[PDB]
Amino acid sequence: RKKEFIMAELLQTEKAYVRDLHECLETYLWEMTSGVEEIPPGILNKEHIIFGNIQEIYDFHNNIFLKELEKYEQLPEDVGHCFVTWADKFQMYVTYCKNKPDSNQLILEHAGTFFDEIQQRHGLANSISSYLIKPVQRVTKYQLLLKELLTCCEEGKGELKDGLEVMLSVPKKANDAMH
């Protein structure tokens, strides 16, 4: 039962993560690139600093990783292999984390209330800052879920240790890349 609860949480929180990134792209980003309204000169043409590579992270989870995780729903003991297969894609969280301080400083010093207004306009519970920390939270969460699976899978569980090794290597590399 316990490994079934863990697999269910993995899948349900992955759908929530894809939804969250999709909302962030189609609200805060879409207002900047649309040309519908007014971009202060301090953030004009600087969407790439504010949002980093969160588009490419979204594309990976929406096009590939959620669909492949769903294929492991009845195979929780083997799901470590999913992270092995797709380990190279997780390198873009290193790029994302490196850029995060520059993004936060730009928003504070030069965005004013531009994004607060968009948030009130759309009725969003989450500020742009709440969305932009989610890739940092998610990439440090996978290792916790894999650790939990190891407490309740047998010893055909070498297909968890190898995936856990990947998902400890990735956030450590991102950590070591910060200034």
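One rule holds for the numbers: they count along the sequence shown, beginning at 1.
- Relative to its counterpart among 41-49 and 146-154, 41-49 has the higher mean temperature factor, C-alpha atoms as listed in the PDB entry.
- Looking at mean Cα B-factors across 82-90 and 97-105, the upper value is held by 97-105.
- Remark: of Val139, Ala111, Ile54, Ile64, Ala111 shows the highest value [criterion: C-alpha B-factor in the PDB entry].
- Annotation for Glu26: CA B-factor lies in the middle third of the chain's modelled residues.
- Annotation for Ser34: CA B-factor lies in the highest third of the chain's modelled residues.
- When the modelled residues of the chain are ordered by their C-alpha B factor, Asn126 lands in the highest third.
- Residue-level temperature factors show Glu9 in the lowest third of its chain, judged at the C-alpha atom.
- When the modelled residues of the chain are ordered by their C-alpha B factor, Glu159 lands in the highest third.
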